[PDB]
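Enquirer: When you line the sequence shown up against the authors' numbering, it's residues -3 to -1, 2427 to 2522, in that order. One structure coming up, written as structure tokens, with questions to follow.
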Amino acid sequence: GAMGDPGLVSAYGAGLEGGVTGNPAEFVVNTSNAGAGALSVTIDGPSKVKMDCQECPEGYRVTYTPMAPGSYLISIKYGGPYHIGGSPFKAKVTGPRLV
């Protein structure tokens, strides 16, 4: 089938588990099982995050940096306003608070 689907889309990499404040946390939204389609993605937790989202052969890579300890929900939505398989993911973060 030519159309992608949010149940065929998944996500992988260390950024779904989290990291430390000021340190980069990296994961991929993987489209290899789905084909192609539009993506949105939002990260919400104890503060905001700085994101570098980029397209690639692996799908869409997201690197982000957190700035407060606690846990962030990584909400990932493909082909429409609906969560992909396993989303939202809870990423856990430690270290000093910047704000």
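Here a beta-carbon is modelled for each residue, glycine too, at the ideal position from N, C-alpha and C.
Touching or not, the segment 2468 to 2486 and the segment 2450 to 2458, by the rule of three or more beta carbon pairs under 8 Å?
Expert: Touching, yes, given that three or more Cβ pairs across the two stretches are closer than 8 Å.
Enquirer: Between which two residues does the beta strand (DSSP E) holding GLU2449 run?
Expert: In the sequence shown, residue 2449 corresponds to position 26, counting from 1. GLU2449 -> beta strand (DSSP E) spans 2448 to 2453.
Enquirer: For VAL2522 versus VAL2443, is the C-beta spacing smaller than 8 Å?
Expert: Within the sequence shown, the letter at position 99 stands for residue 2522. Within the sequence shown, the letter at position 20 stands for residue 2443. Cβ atoms of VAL2522 and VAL2443: not closer than 8 Å.
Enquirer: Let me check understanding here. Comparing Cα to Cα, which of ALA2437, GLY2509 and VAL2432 lies closest to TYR2487?
Expert: Position 64 of the sequence shown, counted from the first residue, corresponds to residue 2487. Considering only alpha carbons, the answer is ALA2437.
Enquirer: According to DSSP, simplified to helix, strand and coil, what is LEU2462?
Expert: Reading the sequence shown from its first residue, position 39 is the one you call residue 2462. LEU2462 falls in the strand class under three-state DSSP.
Enquirer: Could you name the residues of the same chain whose beta carbon sits closer than 6 Å to that of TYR2495, not counting the 5 residues immediately before and after it, in chain order?
Expert: Reading the sequence shown from its first residue, position 72 is the one you call residue 2495. Within the same chain, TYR2495 has close Cβ partners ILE2466, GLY2468 and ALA2514.
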